[PDB]
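These notes concern the structure reproduced below.
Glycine gets a Cβ as well: all are built from the backbone with ideal geometry, and neighbour counts include every protein chain shown. Each value in this text was obtained by applying a stated rule to the coordinates, not by laboratory testing.
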């Protein structure tokens, strides 16, 4: 109905699900994938 | 003593639920 688009337009979402999982700092995964490959070097 | 205390040791992992921040017009 008009109420649905009427509300979901005017509000805002600053807090979702997905960026909870993502960290507020910058933690890249190269270090993570480097040790991922390093344990594979033990394999 | 002879052996340690028994446990079902697991490296579990929890999940946050949906936040539902109060909305911003």
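Here are the numbers for this structure:
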quantity: Distance in nm between pseudo-label sites at residue A:14 and residue A:36 (7 Å out along the Cβ direction from Cα); calculated: 3.3 nm
quantity: Average beta carbon contacts from partner chains per residue of B:18-24, 10 Å cutoff; calculated: 5
quantity: Inter-part distance where chain B and chain A are each reduced to a Cα centre, Å; calculated: 19 Å
quantity: Rounded FRET efficiency, nearest 0.05, which uses the C-beta distance separating residue B:15 from residue A:4 and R0 of 22 Å; calculated: 0.20
quantity: Where labels lie 7 Å past Cα in the beta-carbon direction, separation of residue A:26 and residue B:2 in nm; calculated: 5.8 nm
quantity: Residue-averaged [θ]222 nm for chain A, counting only DSSP H segments that reach four residues, each worth -39500 (n - 2.57); calculated: -17000 deg cm²/dmol
quantity: Overall form of the protein assembly as shown per C-alpha gyration tensor (a/c, 1.5; a/b vs b/c); calculated: oblate
